[PDB]
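Structure file entry25.pdb (PDB, C-alpha atoms and all ligand atoms) follows.
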ATOM      1  CA  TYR A   1     147.072 229.244  73.668  1.00  0.00           C
ATOM      2  CA  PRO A   2     148.389 232.788  73.131  1.00  0.00           C
ATOM      3  CA  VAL A   3     148.611 234.291  69.676  1.00  0.00           C
ATOM      4  CA  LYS A   4     152.192 235.392  68.937  1.00  0.00           C
ATOM      5  CA  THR A   5     151.376 238.671  67.179  1.00  0.00           C
ATOM      6  CA  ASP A   6     148.320 240.695  66.198  1.00  0.00           C
ATOM      7  CA  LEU A   7     146.644 237.925  64.219  1.00  0.00           C
ATOM      8  CA  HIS A   8     143.805 237.977  61.712  1.00  0.00           C
ATOM      9  CA  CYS A   9     140.960 235.515  62.077  1.00  0.00           C
ATOM     10  CA  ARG A  10     139.428 234.892  58.661  1.00  0.00           C
ATOM     11  CA  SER A  11     136.265 233.437  57.163  1.00  0.00           C
ATOM     12  CA  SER A  12     138.253 230.639  55.476  1.00  0.00           C
ATOM     13  CA  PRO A  13     141.859 229.400  55.963  1.00  0.00           C
ATOM     14  CA  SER A  14     143.344 231.633  53.287  1.00  0.00           C
ATOM     15  CA  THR A  15     145.242 234.917  53.586  1.00  0.00           C
ATOM     16  CA  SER A  16     142.921 236.351  50.945  1.00  0.00           C
ATOM     17  CA  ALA A  17     139.738 235.400  52.843  1.00  0.00           C
ATOM     18  CA  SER A  18     137.756 238.117  54.596  1.00  0.00           C
ATOM     19  CA  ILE A  19     138.917 239.188  58.051  1.00  0.00           C
ATOM     20  CA  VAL A  20     136.253 238.502  60.676  1.00  0.00           C
ATOM     21  CA  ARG A  21     138.263 239.848  63.625  1.00  0.00           C
ATOM     22  CA  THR A  22     141.881 240.469  64.628  1.00  0.00           C
ATOM     23  CA  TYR A  23     143.306 239.242  67.913  1.00  0.00           C
ATOM     24  CA  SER A  24     145.762 241.492  69.760  1.00  0.00           C
ATOM     25  CA  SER A  25     149.140 239.876  70.459  1.00  0.00           C
ATOM     26  CA  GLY A  26     149.012 237.415  73.369  1.00  0.00           C
ATOM     27  CA  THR A  27     145.207 236.949  73.264  1.00  0.00           C
ATOM     28  CA  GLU A  28     144.146 233.508  74.472  1.00  0.00           C
ATOM     29  CA  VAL A  29     142.542 231.332  71.807  1.00  0.00           C
ATOM     30  CA  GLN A  30     141.021 227.885  71.945  1.00  0.00           C
ATOM     31  CA  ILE A  31     141.230 225.550  68.954  1.00  0.00           C
ATOM     32  CA  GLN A  32     137.910 224.040  67.808  1.00  0.00           C
ATOM     33  CA  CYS A  33     139.612 222.199  64.914  1.00  0.00           C
ATOM     34  CA  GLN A  34     142.568 222.346  62.554  1.00  0.00           C
ATOM     35  CA  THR A  35     142.833 222.231  58.801  1.00  0.00           C
ATOM     36  CA  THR A  36     145.173 223.278  55.997  1.00  0.00           C
ATOM     37  CA  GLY A  37     145.322 226.510  54.038  1.00  0.00           C
ATOM     38  CA  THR A  38     147.776 229.108  52.836  1.00  0.00           C
ATOM     39  CA  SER A  39     151.404 228.433  53.747  1.00  0.00           C
ATOM     40  CA  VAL A  40     152.329 231.090  56.344  1.00  0.00           C
ATOM     41  CA  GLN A  41     155.963 231.250  57.513  1.00  0.00           C
ATOM     42  CA  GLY A  42     156.434 227.621  56.475  1.00  0.00           C
ATOM     43  CA  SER A  43     153.229 226.121  57.940  1.00  0.00           C
ATOM     44  CA  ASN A  44     150.014 225.388  56.020  1.00  0.00           C
ATOM     45  CA  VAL A  45     148.132 224.644  59.266  1.00  0.00           C
ATOM     46  CA  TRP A  46     145.147 226.821  60.232  1.00  0.00           C
ATOM     47  CA  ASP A  47     143.187 226.788  63.476  1.00  0.00           C
ATOM     48  CA  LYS A  48     139.458 227.437  63.876  1.00  0.00           C
ATOM     49  CA  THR A  49     139.124 229.471  67.102  1.00  0.00           C
ATOM     50  CA  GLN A  50     136.357 229.879  69.665  1.00  0.00           C
ATOM     51  CA  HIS A  51     134.888 232.562  67.330  1.00  0.00           C
ATOM     52  CA  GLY A  52     134.519 230.139  64.395  1.00  0.00           C
ATOM     53  CA  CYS A  53     137.094 231.908  62.189  1.00  0.00           C
ATOM     54  CA  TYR A  54     140.504 230.654  61.100  1.00  0.00           C
ATOM     55  CA  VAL A  55     143.999 231.777  62.147  1.00  0.00           C
ATOM     56  CA  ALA A  56     147.402 230.740  60.804  1.00  0.00           C
ATOM     57  CA  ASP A  57     148.788 228.213  63.288  1.00  0.00           C
ATOM     58  CA  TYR A  58     152.352 229.468  62.844  1.00  0.00           C
ATOM     59  CA  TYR A  59     151.231 232.417  64.986  1.00  0.00           C
ATOM     60  CA  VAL A  60     149.535 230.366  67.718  1.00  0.00           C
ATOM     61  CA  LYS A  61     151.899 229.266  70.468  1.00  0.00           C
ATOM     62  CA  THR A  62     150.892 225.670  71.104  1.00  0.00           C
ATOM     63  CA  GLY A  63     154.270 223.899  71.113  1.00  0.00           C
ATOM     64  CA  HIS A  64     153.042 221.708  68.228  1.00  0.00           C
ATOM     65  CA  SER A  65     153.935 222.041  64.542  1.00  0.00           C
ATOM     66  CA  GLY A  66     151.648 219.501  62.862  1.00  0.00           C
ATOM     67  CA  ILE A  67     147.924 219.084  63.367  1.00  0.00           C
ATOM     68  CA  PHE A  68     147.354 217.757  66.868  1.00  0.00           C
ATOM     69  CA  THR A  69     143.604 218.022  67.466  1.00  0.00           C
ATOM     70  CA  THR A  70     140.233 217.443  65.778  1.00  0.00           C
ATOM     71  CA  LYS A  71     140.358 217.978  62.004  1.00  0.00           C
ATOM     72  CA  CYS A  72     137.819 220.422  60.644  1.00  0.00           C
ATOM     73  CA  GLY A  73     135.094 219.000  58.425  1.00  0.00           C
ATOM     74  CA  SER A  74     134.974 219.747  54.691  1.00  0.00           C
TER      75      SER A  74
HETATM   76 ZN    ZN B   1     147.430 242.525  58.729  1.00  0.00          ZN
END

Exercise: express the given structure as structure tokens:
Amino acid sequence: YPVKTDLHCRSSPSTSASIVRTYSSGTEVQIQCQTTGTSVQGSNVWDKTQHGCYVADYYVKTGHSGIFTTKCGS
């Protein structure tokens, strides 16, 4: 799925968590799992990517709003 903007990928699903890497707009990401975290533009859903860090799902163009795949473990 493409990211919708330049999008931070963080060590935890929080906008205060450390930035591991930043994807340039349109970069293809795969979703390992989904969880909840900071509310970003109305969505508290966060996606763990192929790199093991978390992005705000609002900015991942999947067509889905709610969690739709494997839930991340605690
Ligand atoms: Zn930023």

Can I get the residues of chain A within 10 Å of ligand ZN 1 (chain B), each with the closest pair of atoms and their distance in Å to one decimal, using all atoms listed in the file, sorted chain first then ascending number, as CSV?
residue,atom,partner,partner_atom,distance
A:6,CA,B:ZN1,ZN,7.7
A:7,CA,B:ZN1,ZN,7.2
A:8,CA,B:ZN1,ZN,6.5
A:15,CA,B:ZN1,ZN,9.4
A:19,CA,B:ZN1,ZN,9.2
A:22,CA,B:ZN1,ZN,8.4

Saved selection, atoms kept: C-alpha atoms, as a compact mmCIF listing (two decimals), in the frame of the given file:
# COMPACT_ATOMS: atom_id res chain seq x y z
CA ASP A 6 148.32 240.70 66.20
CA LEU A 7 146.64 237.92 64.22
CA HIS A 8 143.80 237.98 61.71
CA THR A 15 145.24 234.92 53.59
CA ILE A 19 138.92 239.19 58.05
CA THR A 22 141.88 240.47 64.63

Practice item. Please identify all polymer residues within 12 Å of residue 27 in chain A, counting only C-alpha atoms, omitting same-chain residues fewer than 3 positions from it, and present them as a PyMOL selection string. Key: chain A and resi 1-8+22-24+30+49-50+59-61

Exercise for review: Tell me, as a ChimeraX atom specification, which residues lie within 9 Å of residue 14 in chain A, counting all atoms listed in the file; anything in the same chain fewer than 4 positions away does not count.
Suggested key: /A:10,18,36-39,46,54-56

Exercise for review: Could you check which of A:57, A:25, A:16, A:63 is closest to residue 44 in chain A, using only C-alpha atoms?
Suggested key: A:57

Review point. How far is it from CA of residue 35 in chain A to CA of residue 47 in chain A, in Å with one decimal?
Key: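 Pair CA of residue 35 in chain A / CA of residue 47 in chain A returns 6.5 Å.
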
Practice item. Rank nothing, just name the residue among A:26, A:32, A:17, A:64 nearest to residue 52 in chain A, using all atoms listed in the file. Key: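 The shortest atom-to-atom distance to residue 52 in chain A comes from A:32.
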
Give as a short mmCIF file (atom, residue, chain, number, x, y, z; two decimals) with C-alpha atoms, in the frame of the given file the residues that the PyMOL selection byres (((chain A and resi 73) around 12) and not hetatm) matches when applied to the coordinates above.
data_model
loop_
_atom_site.label_atom_id
_atom_site.label_comp_id
_atom_site.auth_asym_id
_atom_site.auth_seq_id
_atom_site.Cartn_x
_atom_site.Cartn_y
_atom_site.Cartn_z
CA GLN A 32 137.91 224.04 67.81
CA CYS A 33 139.61 222.20 64.91
CA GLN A 34 142.57 222.35 62.55
CA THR A 35 142.83 222.23 58.80
CA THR A 36 145.17 223.28 56.00
CA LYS A 48 139.46 227.44 63.88
CA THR A 70 140.23 217.44 65.78
CA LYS A 71 140.36 217.98 62.00
CA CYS A 72 137.82 220.42 60.64
CA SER A 74 134.97 219.75 54.69
#

Point to revise | Interatomic distance (Å, one decimal) between CA of residue 40 in chain A and CA of residue 62 in chain A | key: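 About the pair CA of residue 40 in chain A and CA of residue 62 in chain A: they are 15.8 Å apart.
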
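For the pair CA of residue 31 in chain A and CA of residue 11 in chain A, the separation is 15.0 Å.
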
Where's the centre, and what are the edge lengths in Å to one decimal, of a box along x, y and z enclosing all listed atoms of range 33-52 of chain A padded 5 Å per side, as AutoDock Vina command-line options?
--center_x 145.5 --center_y 227.4 --center_z 61.3 --size_x 31.9 --size_y 20.4 --size_z 26.8

Exercise for review: Would you list the contacts of residue 58 in chain A as a list in words, taking every protein, DNA or RNA residue within 8 Å and counting only C-alpha atoms, but skipping same-chain residues closer than 6 positions in sequence?
Suggested key: residues 40, 41, 42, 43, 45 and 65 of chain A

Same residues, C-alpha atoms, saved as a compact mmCIF listing (two decimals), in the coordinates of the input:
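selection06.txt written:
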# COMPACT_ATOMS: atom_id res chain seq x y z
CA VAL A 40 152.33 231.09 56.34
CA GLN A 41 155.96 231.25 57.51
CA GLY A 42 156.43 227.62 56.48
CA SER A 43 153.23 226.12 57.94
CA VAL A 45 148.13 224.64 59.27
CA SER A 65 153.94 222.04 64.54
